[PDB]
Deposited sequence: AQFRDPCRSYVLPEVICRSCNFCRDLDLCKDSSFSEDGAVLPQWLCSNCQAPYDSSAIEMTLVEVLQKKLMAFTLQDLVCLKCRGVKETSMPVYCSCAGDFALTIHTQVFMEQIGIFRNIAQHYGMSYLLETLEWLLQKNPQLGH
C-alpha cells in the first residue's frame, strides 16, 4: 500500500490520508462526500514526492562504517579511522519507491509521472 498524507477534497474540504493501493474503486473517491479525487492532482503530488525524496538523497548525511560518526567535512574519501562512509538513504530503497510509483502510473494512466520516472531511470543504468 501507499498513503498520501492529508489529501484535500476540493469539493467539501474533507482532509484525510489517502492509501492509493487500498482506496481505489480506476478512481479515488472522497470519504466524506463521494466526489472523485482529481487524478491530475494525485499525479503531481506523487511527482513532488519523488522530488522531495530525490532531494533527501542528494543532501543525505554520510556515516562511517567503523565508527557511527556522521561525516562533517566535504573532501575526505575515508574517515578518521580508515573506515568507509556509507549512504544513510539507500539507492535500492529509492528504486523500490520508483517501482511502486511506476506501477500506480501504469495502472492509472498517469503519463506525466511515467515520463518523470522513466527519465529518473534512464539516468541510472
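Colleague: Ranges lacking C-alpha coordinates, please, mapped onto the deposited sequence and listed in sequence order.
Modeller: Absent from the structure are positions 1 to 8, 34 to 41, 142 to 145.
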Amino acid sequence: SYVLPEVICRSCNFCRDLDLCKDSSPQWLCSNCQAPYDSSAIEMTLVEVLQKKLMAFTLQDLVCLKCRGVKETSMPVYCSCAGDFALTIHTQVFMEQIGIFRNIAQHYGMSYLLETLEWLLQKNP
From here on, numbers count along this sequence of modelled residues.
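Colleague: Identify the stretch, either 63 to 71 or 49 to 57, whose C-alpha atoms have the larger mean B-factor according to the entry.
Modeller: Averaging CA B-factors over each stretch, the winner is 63 to 71.
Colleague: Using only the Cα atoms and their B-factors as the entry lists them, report which of 9 to 17 and 110 to 118 averages higher.
Modeller: Result: 9 to 17.
Colleague: Could you say whether, by C-alpha temperature factor, residue 88 belongs to the lowest, middle or highest third of its chain?
Modeller: Its C-alpha B-factor belongs to the lowest third of this chain's values.
Colleague: In terms of the CA temperature factor given in the entry, to which third of its chain does residue 79 belong: lowest, middle or highest?
Modeller: For residue 79, the deposited C-alpha B-factor lands in the highest third.
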